[PDB]
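Engineer: Here's a structure for you.
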Amino acid sequence: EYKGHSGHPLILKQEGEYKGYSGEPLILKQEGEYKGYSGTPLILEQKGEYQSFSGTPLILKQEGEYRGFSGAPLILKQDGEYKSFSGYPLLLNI
Amino acid sequence: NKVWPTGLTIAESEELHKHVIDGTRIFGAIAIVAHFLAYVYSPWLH
Amino acid sequence: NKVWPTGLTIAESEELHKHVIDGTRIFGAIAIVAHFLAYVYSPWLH
Amino acid sequence: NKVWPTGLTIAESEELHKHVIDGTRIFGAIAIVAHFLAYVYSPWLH
Amino acid sequence: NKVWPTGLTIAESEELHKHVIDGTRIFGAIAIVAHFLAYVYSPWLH
Amino acid sequence: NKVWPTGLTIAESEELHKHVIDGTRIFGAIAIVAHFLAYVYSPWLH
Amino acid sequence: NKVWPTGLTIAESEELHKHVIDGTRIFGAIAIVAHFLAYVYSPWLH
Amino acid sequence: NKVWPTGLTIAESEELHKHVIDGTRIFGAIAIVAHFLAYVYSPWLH
Amino acid sequence: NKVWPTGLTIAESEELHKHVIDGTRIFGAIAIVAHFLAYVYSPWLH
Amino acid sequence: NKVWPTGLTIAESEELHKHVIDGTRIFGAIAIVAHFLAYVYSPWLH
Amino acid sequence: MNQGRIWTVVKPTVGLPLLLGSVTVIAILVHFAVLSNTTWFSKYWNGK
Amino acid sequence: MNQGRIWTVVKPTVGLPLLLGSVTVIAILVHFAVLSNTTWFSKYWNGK
Amino acid sequence: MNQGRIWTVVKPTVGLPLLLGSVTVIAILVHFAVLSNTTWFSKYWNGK
Amino acid sequence: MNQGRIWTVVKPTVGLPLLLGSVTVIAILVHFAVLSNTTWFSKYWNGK
Amino acid sequence: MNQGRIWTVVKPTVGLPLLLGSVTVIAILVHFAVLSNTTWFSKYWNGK
Amino acid sequence: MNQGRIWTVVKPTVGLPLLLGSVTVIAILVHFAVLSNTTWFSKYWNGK
Amino acid sequence: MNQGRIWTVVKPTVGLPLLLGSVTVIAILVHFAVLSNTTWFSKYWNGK
Amino acid sequence: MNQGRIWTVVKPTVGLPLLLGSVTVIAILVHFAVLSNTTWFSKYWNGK
Amino acid sequence: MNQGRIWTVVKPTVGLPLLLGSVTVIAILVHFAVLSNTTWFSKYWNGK
Ligand code: BCL
Ligand code: BCL
Ligand code: BCL
Ligand code: BCL
Ligand code: BCL
Ligand code: BCL
Ligand SMILES: CC(C)=CCC/C(C)=C/C=C/C(C)=C/C=C/C(C)=C/C=C/C=C(C)/C=C/C=C(C)/C=C/C=C(\C)CCCC(C)(C)O
Ligand SMILES: CC(C)=CCC/C(C)=C/C=C/C(C)=C/C=C/C(C)=C/C=C/C=C(C)/C=C/C=C(C)/C=C/C=C(\C)CCCC(C)(C)O
Ligand SMILES: CC(C)=CCC/C(C)=C/C=C/C(C)=C/C=C/C(C)=C/C=C/C=C(C)/C=C/C=C(C)/C=C/C=C(\C)CCCC(C)(C)O
Ligand SMILES: CC(C)=CCC/C(C)=C/C=C/C(C)=C/C=C/C(C)=C/C=C/C=C(C)/C=C/C=C(C)/C=C/C=C(\C)CCCC(C)(C)O
Ligand SMILES: CC(C)=CCC/C(C)=C/C=C/C(C)=C/C=C/C(C)=C/C=C/C=C(C)/C=C/C=C(C)/C=C/C=C(\C)CCCC(C)(C)O
C-alpha cells in the first residue's frame with residue numbers, strides 16, 4: 001500500500017454506485033426510441049434507392065472502357081520494356 | 001441487416017444520427033438566441 | 001461483384017457517391033444564393 | 001447486453017457519463033464563482 | 001496477373017490512371033479559360 | 001475482478017490514482033510556496 | 001530472386017528506378033527551358 | 001512476479017528508475033554549477 | 001548470419017552503407033565546388 | 001541471455017552504446033576545435 | 001436528415017470527435033476574428 | 001458524376017472527413033482573406 | 001444527461017483526453033485573449 | 001501517360017487524397033501570393 | 001478523489017505522459033505570459 | 001543511375017509520394033523566395 | 001523516488017525519450033527567453 | 001566508415017528518407033539564412 | 001558509459017534517429033540564435 005506524504009485520505013471509494021456531489025439526477029434514462037427535444041421528425045427513412053434532391057440524373061454509369069471527356073488516347077501502352085523518352089542508358093548495373 | 005465496416009448496422013447508424021441532428025438543432029436554437037442578444041447589445045446591425 | 005479493398009462493391013460505391021454529388025449540389029445552391037446576397041449588399045461588383 | 005465496439009456496455013457507458021456530467025457541473029459551479037470574483041475585482045461590467 | 005502490393009492488378013492500375021489523366025486534362029481546360037479571363041480582366045499582361 | 005480494457009483492475013486503478021493525487025497535492029503545496037515568495041518579492045500585490 | 005522487405009525483387013526495383021530517373025530527366029529538361037525563358041525575360045543576368 | 005503491460009517486472013521497473021533518479025541528480029549537480037557561474041559573471045543578482 | 005530486427009544481415013547492411021558513404025562523398029565533392037564558385041563570384045571571403 | 005522488449009540482448013545493447021559513446025566523443029572533439037577557431041577569429045571572448 | 005447511414009462508413013470514433021471538435025474550433029476562430037477586427041468587442045472586455 | 005467508383009479505392013473513413021473538412025477549411029480561409037483585405041467586411045462587424 | 005450512450009461508440013481512451021485537454025486549451029486561449037486585449041489584466045500582473 | 005503502373009506500387013488510399021489535396025493547397029497558396037503582392041486583386045474585392 | 005477508476009478506461013501509457021507533459025506546457029505558457037507582459041520579471045533577469 | 005536497388009529497402013508507398021511531394025514543396029519555396037526578395041516578380045503580377 | 005513503479009504502466013520506449021527530449025526543449029526555451037529579454041546575454045555574444 | 005552495421009538497428013525505410021530529407025531541409029534553411037541576412041544574394045536575384 | 005543497457009528498453013529505431021536528429025536541430029537553433037543576435041556573424045557572410 002502507498003503511504004504518501006500529503007497526509008490521508010488519498011482517495012475516496014464507493015461501494016455500490018457513483019454518488020454525485022452536484023445533486024441528483026446525473027443522467028436521464030432512455031427506455032426506447034430516442035425521445036428528442038427539438039420536436040419531430042429527426043430523420044427521413046430511406047426505404048429504397050436514394051430519393052435525391054437537386055434533380056436527376058445524379059450519377060453517370062460506366063459500361064465499359066472509360067470514355068474520356070478530354071478525348072483519346074488516355075494512356076500509352078507498354079510492351080516488353082520501358083520505352084525511354086530521354087535516351088539510353090537509364091540505369092547502370094553492377 | 002449486416003454490420004458495415006464501422007460495426008454498426010443501418011438501424012444503429014440511423015438511431016445515432018437522431019442524436020447528431022437533435023444536437024445540431026439544439027446548437028442552432030442557442031446560437032439564434034445568442035445572435036439576438038448580440039444584436040440588441042452591440043452596434044452590429046444597430 | 002467482389003468487395004474491393006475498401007470493403008465496398010461497385011454498386012455500394014455508386015450509391016455512396018450519389019450522396020456526395022447531391023450534397024455538392026445543395027452546397028452549390030446555397031453558395032450561389034450567398035453570392036447573390038453578397039452582390040446585392042456589398043460594393044463587390046459596384 | 002453486448003459489448004459495443006468500445007468494449008463498454010450501455011450501463012458501463014451510462015455509469016461513465018455520470019462522471020463526465022458531474023465533472024462538468026463542478027467545473028460550471030467554480031466558473032460561476034470565478035466570474036463573480038472577476039466582476040467584483042475588475043471593470044468588466046463595473 | 002498477380003495483385004501487386006497495393007491490391008490492384010496492372011490492368012486495374014491502368015484503368016485507374018485513365019481517370020487521373022482525364023481529370024488532369026479537365027483541370028487544364030478550366031485553367032486555360034480562367035487564365036484567359038484573368039488576362040482579359042486584369043493588368044497582368046495588359 | 002476482471003481486467004478492464006486498459007489492462008488494470010479497479011484496485012490497480014485506485015492504487016495508481018493515489019499516486020496521481022499525492023503528486024498533485026505535493027505539486028500544489030510547492031506551487032503555493034512559490035506564489036508566496038513571488039508575493040513577498042514581486043510587486044504583484046505589493 | 002527473393003522478395004526484399006519492401007515486397008519487390010531487385011529487377012522490379014531497377015525497373016522502378018528507370019521510371020524515377022526518366023521522370024527527373026523530364027523535369028530537368030523543362031527546368032532548363034524555364035530558366036532560359038527567365039534569363040531572356042527577367043533581369044536575372046540581363 | 002508478473003510482467004506488467006509494459007513488459008517489465010516491478011524489480012526491473014525499480015532498477016530502471018534508479019537510473020532516472022541518479023541521472024536527475026547528475027543533471028541537478030551540473031545545473032547548480034551553471035547557476036553559480038552565471039551568478040558570478042552576470043548581473044543577475046549582482 | 002541472422003536477420004537483425006531491420007531485416008538485414010550484417011553483410012547486407014555494410015553493402016548498403018557503402019552507398020551512403022559514397023553518396024555523402026559525391027554530395028561533398030559537389031559542395032566543395034559550389035563553395036569555390038561562391039568564393040570566386042561573391043564577396044564572402046573576397 | 002534473453003532478448004529484451006527492444007529485441008537486443010544486454011551484450012548487443014552495450015556493444016551498440018560503445019558507438020554512441022565514441023560517436024559523442026568525436027562530435028565533442030570536433031566541437032572543441034570549432035570553438036577554438038571561433039575564439040581566435042571572432043570577438044566572442046576577444 | 002438523409003445521411004443517417006454515414007456512420008455505417010465513417011467510424012464514430014473519428015466522426016464524432018471531428019464534428020464536435022471542428023464546430024468548436026470554428027467558434028474559437030469566429031471569436032478571434034470579431035475580437036481582432038472590432039472596437040466594441042475589444043472595449044467590452046476593457047470595461048467601464 | 002462519373003467518378004463514383006472512387007470509393008472502391010479511397011476508403012470513405014478518410015475520404016468523407018477530408019472532403020467535408022478541407023471544404024470547411026477553404027471556407028474559413030476565404031472569409032479570413034476577404035476580412036483581412038477589405039474595408040466593407042471589417043466595417044460590417046464594426047457596425048454603427 | 002440525454003447523451004450518456006456516446007461512450008458505447010466514442011472510445012474513452014480518446015474522448016476523455018480530448019474533452020479534458022480541449023477544455024483546458026479553451027481556457028488558455030480565453031486567458032491569452034483577455035490578456036492581450038485588456039489594460040487591467042495586463043496591469044494586474046504589473047502591479048503597483 | 002507512361003506511369004499508369006504507379007498505382008501498383010503507390011496505394012490509391014494515399015495517392016489520390018494527396019494528389020487532390022496538394023493541388024488544392026497549391027491553388028490556395030497561389031491565390032494568397034497574388035492577393036498579397038498585387039493591388040488590383042485586393043482592389044477587385046474592395047470594389048467601389 | 002472519486003475518479004480513481006479513470007485508469008480502467010483511459011490507458012496510463014497516454015494519460016500520464018499527457019498529464020505530466022501538459023502541466024509542464026501550461027507552466028511554460030504562464031511564465032512566457034508574465035515575462036512578456038511585465039516589466040519586473042523582465043527586469044529581474046536584466047539585473048543590476 | 002547506381003541506386004536502382006534503393007526501392008528494395010525504401011518502400012515506394014512512402015518514397016515516391018515524398019519524392020514527388022518534397023520536390024513540389026521545394027519549388028513552391030523557391031517561388032516564395034524570389035517573390036519576396038525581388039521587385040520585378042512582384043511588379044510582373046502588378047502588371048502595366 | 002516513490003514512483004519507481006511508474007515504468008510498469010508508462011512504457012520506457014515513450015517515457016525516456018519524452019523525458020530526455022522535453023527537458024532539452026525546456027533548456028532551449030529558457031535560453032531563448034533569457035536571450036530575448038536581456039541586454040547582457042546578447043552583448044556576451046556581440047563581443048568586444 | 002565504421003557505422004556500416006547501423007542499418008541492422010536503424011530501419012532503412014525511415015533512416016534513408018530522414019537522411020536525404022533532412023539534408024535537403026538543412027540546405028533550404030542555409031539558403032534562407034544567407035538570403036535574409038545578406039545584401040549581395042538578395043541583389044543577385046534583383047538584377048543589375 | 002553506465003547507461004549502455006538503455007537500448008534494452010529504448011529501441012534504437014527511434015532512439016538513434018531522435019538523437020542524431022535533435023542534435024542537428026539543436027545545432028540549427030544555436031546557429032540561428034547567434035546569427036540573429038550578433039553583428040559579426042551577420043557581417044561574416046556579407047563579407048567585402
Ligand atoms: C506539510 C505539507 C504537505 C502535507 C502534509 C500533511 C500532513 C503531515 C498531514 C496532512 C493531512 C491532510 N492532508 Mg496533506 N500535505 C500537503 C498537501 C495537501 C493538500 C494540498 C496542497 O492541496 C491537501 C488538500 C491536503 C490534504 C490533507 C487532508 C486530507 C488532511 C488534513 C486532515 C486534518 O487533520 O486536518 C486539519 C489540518 C491539519 C492538521 C494540517 C493541514 C495542512 C495543509 C493541508 C497543508 C497545505 C500546504 C501548505 C499551505 C504549504 C506547505 C508547503 C510545504 C511545507 C513545502 N494535503 C503537503 C504536501 N498533510 C493530515 C492527515 O492525514 O490527517 C488525518 C496529516 O497528518
Ligand atoms: C452548489 C454545489 C454543487 C451542486 C449541489 C447540489 C445540491 C446540494 C442539490 C443540487 C440539485 C440539483 N442540481 Mg446540482 N450542484 C452543482 C452544480 C449543478 C449545475 C451547474 C450548471 O453548476 C446544475 C445545472 C446542476 C443540476 C441540478 C439538478 C440535477 C438538481 C435539481 C435542481 C432543481 O430543480 O432542484 C430544486 C432546487 C433548486 C431550485 C435550487 C438548487 C440550487 C443548487 C443547490 C445549486 C445550483 C447551482 C447554483 C445556482 C450555481 C453555482 C453556485 C456557486 C457554486 C456558489 N447542479 C454544484 C457543483 N445540486 C438539487 C437536487 O438534487 O435536488 C433533488 C440539490 O438539492
Ligand atoms: C427549445 C425549442 C426546441 C424545439 C422544439 C420543438 C417543438 C416543441 C416542436 C418542434 C417541432 C419541429 N421542429 Mg424543433 N425545436 C428546436 C429546434 C429546431 C430547429 C432549429 C434549427 O433550431 C429546427 C429546424 C427544428 C425542426 C422542427 C420540425 C421538424 C418540426 C416542425 C416545426 C414547425 O414549424 O412546427 C410548428 C411550429 C412550432 C412548433 C413553433 C416552434 C418551431 C420552431 C422551428 C422552433 C424554433 C426555436 C428557436 C429558433 C429557438 C428558441 C430557443 C429558446 C431557448 C426558446 N427544431 C429547439 C431546440 N420543435 C414540432 C413538431 O414536432 O411538429 C410535428 C413541435 O411540436
Ligand atoms: C431548387 C434548387 C435545387 C435543384 C432542384 C432541381 C429541380 C427542381 C430539377 C433539377 C434538375 C436538374 N438538376 Mg438540380 N437543383 C439544384 C442544384 C443543381 C446544380 C448546382 C451546381 O447547383 C446542378 C448542376 C444540378 C443539376 C441538375 C440536372 C441533373 C437537372 C437538369 C438541369 C437543367 O438543365 O435544368 C434546366 C432547368 C429546369 C429543368 C428548371 C429549373 C430547375 C432547377 C432550378 C435547377 C436548374 C439548374 C441551376 C444550375 C440551379 C441553380 C439554383 C439556384 C442556386 C437557386 N442541380 C438545387 C439544389 N434540379 C431537373 C431534373 O432533374 O429534371 C428531371 C429539375 O427539374
Ligand atoms: C472541348 C475541350 C475538352 C477536350 C476535348 C477533345 C476533343 C473533342 C478531342 C480531343 C482530342 C485530344 N485531346 Mg482533349 N479536350 C480537352 C483537354 C485536353 C488537354 C488540356 C491540357 O486541356 C489536352 C493535352 C488534351 C489532349 C488531347 C489529345 C490526346 C487529343 C488530340 C489533340 C489534337 O491534336 O487534336 C487535333 C484535333 C482535332 C481532331 C479536332 C479539334 C480538337 C482540339 C485541337 C482540342 C484542343 C483542346 C485544347 C488543347 C485544350 C482546351 C482549351 C480550352 C477548352 C479553352 N485534351 C478538354 C477537356 N480533346 C482529339 C482527339 O481525340 O483526336 C484524335 C479530339 O477530337
Ligand atoms: C528533349 C530531348 C530529351 C532527350 C532525348 C535524347 C535523345 C534523342 C538521345 C538521348 C541520349 C542520351 N541522353 Mg537524353 N534527353 C533529354 C534529357 C536528358 C538529360 C537531362 C538532364 O535533361 C540527360 C543527362 C540525358 C542523358 C542522356 C545520355 C544518357 C545519352 C547521351 C550520352 C552521350 O553523350 O552520348 C554520346 C552523344 C550522342 C549520342 C549525341 C548527343 C546527345 C546529347 C548529349 C543529348 C543532350 C540532351 C539535352 C541536354 C536535353 C535538352 C533539354 C531541353 C530541350 C533544353 N538526357 C530530353 C528530355 N536523349 C542519346 C542516346 O540514347 O544515346 C544512346 C540520344 O541520342
Ligand atoms: C473566419 C471567419 C471570419 C468566419 C468563419 C465563417 C464560417 C466558415 C462559419 C462556419 C460555420 C459552420 C460550418 C457551422 C457548422 C455547425 C455545425 C455543423 C454544427 C453541428 C453541431 C453538432 C452537434 C451538437 C452534435 C452532437 C452530437 C451528439 C450529441 C452525438 C451523440 C451520439 C451518441 C449519444 C451515440 C449514440 C449511440 C447509440 C445510437 C448506440 O445509442
Ligand atoms: C485564399 C483565397 C484568397 C482564395 C481561395 C480560392 C479557392 C482555391 C477556392 C477553392 C474552392 C473549392 C476547391 C471548393 C470546393 C468545394 C467542394 C468540392 C465542395 C464539396 C462538398 C461536398 C459535400 C457537401 C459532401 C457531402 C457528402 C455526404 C453528405 C456524404 C454522405 C455519405 C453517406 C450518407 C454514406 C452512405 C453509405 C451507404 C451508401 C452504404 O448508404
Ligand atoms: C478565444 C475567445 C476570444 C473566445 C472563445 C470562446 C469560446 C469558444 C468558449 C467556449 C467554451 C466551451 C465550449 C466550454 C466548454 C466546457 C466544457 C464542455 C466543460 C467540460 C468539463 C468536463 C469535465 C470536467 C469532465 C470530467 C470527466 C471525468 C473526470 C471522467 C471520469 C471518468 C471515469 C472515472 C471513468 C469511469 C469508468 C467506469 C468505472 C464507469 O467504468
Ligand atoms: C528557398 C531557397 C532560397 C533556396 C532553396 C534551394 C534548394 C535547396 C533547391 C533544391 C532543389 C532540389 C534538391 C531539386 C531536386 C529535384 C529533383 C530531385 C527532382 C525529381 C523529380 C522526380 C520525379 C519527377 C519522379 C517521378 C517518378 C515517377 C513518375 C515514378 C513512377 C513510377 C511508376 C510508374 C511505378 C512503376 C512500377 C513498375 C516498376 C512495376 O513498373
Ligand atoms: C541556420 C544556419 C545559419 C546554419 C546551419 C549550419 C548547419 C547546422 C549545417 C549543418 C550541415 C550538415 C549537418 C550537413 C550534413 C550533410 C550530410 C551528412 C550529407 C549526407 C548525404 C548523404 C547522401 C547523399 C546519401 C545517399 C544515400 C543513398 C543514395 C543510398 C542508397 C541506398 C541504396 C541503393 C540501397 C542499397 C540496398 C542493397 C542493394 C545494398 O541491399
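Chain labels run A, B, ... following the order of the C-alpha cells; each chain numbers its residues from 1, and ligands are numbered from 1 in the order shown.
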Taking only C-alpha atoms and all ligand atoms into account, list the residues no farther than 10 Å from ligand 6, as a short mmCIF file (atom, residue, chain, number, x, y, z; two decimals) with N, CA, C and O atoms, in the first residue's frame.

Structural biologist:
```cif
data_model
loop_
_atom_site.label_atom_id
_atom_site.label_comp_id
_atom_site.auth_asym_id
_atom_site.auth_seq_id
_atom_site.Cartn_x
_atom_site.Cartn_y
_atom_site.Cartn_z
N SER A 84 12.10 4.54 -73.20
CA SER A 84 12.55 5.80 -72.63
C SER A 84 12.14 6.97 -73.51
O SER A 84 12.05 6.85 -74.74
N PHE A 85 11.89 8.11 -72.87
CA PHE A 85 11.66 9.38 -73.55
C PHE A 85 12.83 10.35 -73.43
O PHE A 85 12.71 11.51 -73.82
N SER A 86 13.97 9.89 -72.89
CA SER A 86 15.13 10.75 -72.69
C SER A 86 16.43 9.99 -72.91
O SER A 86 17.45 10.31 -72.29
N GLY A 87 16.43 9.04 -73.84
CA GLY A 87 17.63 8.36 -74.29
C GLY A 87 18.16 7.33 -73.32
O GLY A 87 17.70 7.24 -72.18
N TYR A 88 19.13 6.55 -73.77
CA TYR A 88 19.68 5.40 -73.08
C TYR A 88 21.19 5.54 -72.87
O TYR A 88 21.86 6.22 -73.66
N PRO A 89 21.75 4.92 -71.83
CA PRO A 89 21.08 4.12 -70.79
C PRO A 89 20.26 4.94 -69.80
O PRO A 89 20.47 6.14 -69.66
N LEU A 90 19.32 4.32 -69.10
CA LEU A 90 18.68 4.92 -67.94
C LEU A 90 19.31 4.47 -66.63
O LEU A 90 19.43 5.27 -65.70
N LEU A 91 19.71 3.20 -66.53
CA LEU A 91 20.38 2.67 -65.36
C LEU A 91 21.74 2.09 -65.74
O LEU A 91 21.90 1.53 -66.83
N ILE G 21 14.32 7.90 -62.65
CA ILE G 21 15.37 8.66 -63.34
C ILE G 21 14.81 9.40 -64.55
O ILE G 21 15.08 10.59 -64.75
N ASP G 22 14.02 8.72 -65.37
CA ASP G 22 13.41 9.36 -66.53
C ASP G 22 12.52 10.53 -66.12
O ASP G 22 12.52 11.58 -66.77
N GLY G 23 11.74 10.35 -65.06
CA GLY G 23 10.97 11.47 -64.52
C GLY G 23 11.80 12.67 -64.10
O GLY G 23 11.38 13.81 -64.27
N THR G 24 12.99 12.43 -63.54
CA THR G 24 13.89 13.55 -63.24
C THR G 24 14.49 14.16 -64.50
O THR G 24 14.65 15.39 -64.58
N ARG G 25 14.85 13.34 -65.49
CA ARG G 25 15.35 13.89 -66.75
C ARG G 25 14.31 14.74 -67.47
O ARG G 25 14.65 15.75 -68.10
N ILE G 26 13.04 14.35 -67.41
CA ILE G 26 11.98 15.18 -67.98
C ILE G 26 11.83 16.48 -67.19
O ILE G 26 11.70 17.57 -67.77
N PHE G 27 11.84 16.39 -65.86
CA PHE G 27 11.79 17.59 -65.02
C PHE G 27 12.99 18.50 -65.26
O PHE G 27 12.84 19.73 -65.34
N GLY G 28 14.18 17.92 -65.36
CA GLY G 28 15.36 18.70 -65.71
C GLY G 28 15.27 19.41 -67.04
O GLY G 28 15.65 20.58 -67.16
N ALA G 29 14.77 18.72 -68.07
CA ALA G 29 14.61 19.34 -69.39
C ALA G 29 13.67 20.53 -69.37
O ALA G 29 13.97 21.58 -69.94
N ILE G 30 12.50 20.39 -68.73
CA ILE G 30 11.58 21.52 -68.60
C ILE G 30 12.22 22.66 -67.80
O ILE G 30 12.00 23.84 -68.10
N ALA G 31 13.01 22.33 -66.78
CA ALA G 31 13.62 23.37 -65.95
C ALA G 31 14.65 24.19 -66.71
O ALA G 31 14.68 25.42 -66.57
N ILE G 32 15.50 23.54 -67.50
CA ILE G 32 16.49 24.26 -68.31
C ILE G 32 15.81 25.24 -69.26
O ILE G 32 16.29 26.36 -69.45
N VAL G 33 14.69 24.84 -69.85
CA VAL G 33 13.90 25.76 -70.66
C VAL G 33 13.35 26.92 -69.82
O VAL G 33 13.49 28.09 -70.19
N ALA G 34 12.73 26.60 -68.68
CA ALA G 34 12.15 27.66 -67.85
C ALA G 34 13.18 28.64 -67.31
O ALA G 34 12.88 29.82 -67.14
N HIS G 35 14.40 28.18 -67.01
CA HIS G 35 15.47 29.10 -66.66
C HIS G 35 15.89 29.97 -67.84
O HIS G 35 16.13 31.18 -67.68
N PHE G 36 15.99 29.39 -69.04
CA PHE G 36 16.34 30.16 -70.23
C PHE G 36 15.29 31.23 -70.54
O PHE G 36 15.64 32.36 -70.90
N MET P 1 21.85 6.78 -61.34
CA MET P 1 21.93 5.59 -62.14
C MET P 1 22.79 4.45 -61.50
O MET P 1 23.20 3.50 -62.23
#
```

Engineer: As a PDB file with C-alpha atoms, in the first residue's frame, please: chain M after a least-squares superposition onto chain L using all C-alpha atoms matched in order.

Structural biologist:
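result.pdb, freshly written:
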```pdb
ATOM      1  CA  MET M   1     -21.106  11.986 -61.723  1.00  0.00           C
ATOM      2  CA  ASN M   2     -18.483  10.103 -63.789  1.00  0.00           C
ATOM      3  CA  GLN M   3     -16.161   9.195 -60.905  1.00  0.00           C
ATOM      4  CA  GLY M   4     -18.523   7.276 -58.603  1.00  0.00           C
ATOM      5  CA  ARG M   5     -16.182   4.268 -58.296  1.00  0.00           C
ATOM      6  CA  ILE M   6     -13.524   6.280 -56.410  1.00  0.00           C
ATOM      7  CA  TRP M   7     -14.786   4.901 -53.069  1.00  0.00           C
ATOM      8  CA  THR M   8     -13.808   1.396 -54.178  1.00  0.00           C
ATOM      9  CA  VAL M   9     -10.186   2.553 -53.783  1.00  0.00           C
ATOM     10  CA  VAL M  10     -10.339   5.626 -51.481  1.00  0.00           C
ATOM     11  CA  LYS M  11     -11.583   4.592 -48.049  1.00  0.00           C
ATOM     12  CA  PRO M  12     -14.644   6.577 -46.860  1.00  0.00           C
ATOM     13  CA  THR M  13     -13.294   6.683 -43.281  1.00  0.00           C
ATOM     14  CA  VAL M  14     -10.689   9.135 -44.646  1.00  0.00           C
ATOM     15  CA  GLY M  15     -12.063  10.499 -47.923  1.00  0.00           C
ATOM     16  CA  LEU M  16     -15.345  11.760 -46.466  1.00  0.00           C
ATOM     17  CA  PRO M  17     -13.784  13.494 -43.405  1.00  0.00           C
ATOM     18  CA  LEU M  18     -11.106  15.079 -45.617  1.00  0.00           C
ATOM     19  CA  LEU M  19     -13.682  16.250 -48.169  1.00  0.00           C
ATOM     20  CA  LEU M  20     -16.002  17.792 -45.561  1.00  0.00           C
ATOM     21  CA  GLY M  21     -13.099  19.128 -43.488  1.00  0.00           C
ATOM     22  CA  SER M  22     -11.139  20.733 -46.324  1.00  0.00           C
ATOM     23  CA  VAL M  23     -14.280  22.283 -47.847  1.00  0.00           C
ATOM     24  CA  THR M  24     -14.844  23.889 -44.435  1.00  0.00           C
ATOM     25  CA  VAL M  25     -11.184  24.951 -44.133  1.00  0.00           C
ATOM     26  CA  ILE M  26     -11.354  26.502 -47.615  1.00  0.00           C
ATOM     27  CA  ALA M  27     -14.435  28.471 -46.520  1.00  0.00           C
ATOM     28  CA  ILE M  28     -12.682  29.665 -43.341  1.00  0.00           C
ATOM     29  CA  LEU M  29      -9.676  30.791 -45.406  1.00  0.00           C
ATOM     30  CA  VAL M  30     -11.764  32.712 -47.966  1.00  0.00           C
ATOM     31  CA  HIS M  31     -13.536  34.497 -45.095  1.00  0.00           C
ATOM     32  CA  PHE M  32     -10.253  35.430 -43.384  1.00  0.00           C
ATOM     33  CA  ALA M  33      -8.925  36.596 -46.766  1.00  0.00           C
ATOM     34  CA  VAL M  34     -11.887  38.878 -47.529  1.00  0.00           C
ATOM     35  CA  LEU M  35     -11.942  40.055 -43.901  1.00  0.00           C
ATOM     36  CA  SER M  36      -8.241  40.952 -43.863  1.00  0.00           C
ATOM     37  CA  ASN M  37      -8.267  42.605 -47.307  1.00  0.00           C
ATOM     38  CA  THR M  38     -11.515  44.626 -47.346  1.00  0.00           C
ATOM     39  CA  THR M  39     -12.841  47.711 -45.582  1.00  0.00           C
ATOM     40  CA  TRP M  40     -16.553  46.884 -45.815  1.00  0.00           C
ATOM     41  CA  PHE M  41     -16.459  43.394 -44.297  1.00  0.00           C
ATOM     42  CA  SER M  42     -14.313  44.765 -41.461  1.00  0.00           C
ATOM     43  CA  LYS M  43     -16.735  47.700 -41.112  1.00  0.00           C
ATOM     44  CA  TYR M  44     -19.796  45.423 -41.315  1.00  0.00           C
ATOM     45  CA  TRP M  45     -18.952  43.887 -37.937  1.00  0.00           C
ATOM     46  CA  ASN M  46     -17.866  47.221 -36.445  1.00  0.00           C
ATOM     47  CA  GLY M  47     -21.371  48.430 -37.134  1.00  0.00           C
ATOM     48  CA  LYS M  48     -22.877  51.915 -36.777  1.00  0.00           C
TER      49      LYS M  48
END
```

Engineer: Please run DSSP on the backbone and report, as a PyMOL selection string, all residues within chain K that come out as alpha helix (DSSP H).

Structural biologist: chain K and resi 12-36+39-46

Engineer: Can you work out the spacing between atom 3 (C, counted along the ligand's line) of ligand 4 and atom CA of residue A:69 in Å, to one decimal?

Structural biologist: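 These two atoms are separated by 25.3 Å.
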
Engineer: Atom CA of residue G:12 and atom CA of residue E:5 are how many Å apart?

Structural biologist: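 We find that atom CA of residue G:12 and atom CA of residue E:5 lie 12.3 Å from each other.
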
Engineer: Kindly determine which residues of chain A lie within 9 Å of chain L, considering only C-alpha atoms, and give the answer as a VMD selection string.

Structural biologist: chain A and resid 58 to 62

Engineer: May I have the residues of chain G within 7 Å of chain P, counting only C-alpha atoms, written as JSON, numbers by chain?

Structural biologist: {"G": [4, 5, 6, 8, 9, 10, 13, 14, 17]}

Engineer: Please compute the atom 8 (C, counted along the ligand's line) of ligand 9-atom CA of residue B:43 distance, one decimal, in Å.

Structural biologist: 21.1 Å

Engineer: Given the choices D:1, D:46, D:7, D:37, which gets closest to ligand 2 if the distance is worked out from only C-alpha atoms and all ligand atoms?

Structural biologist: D:37
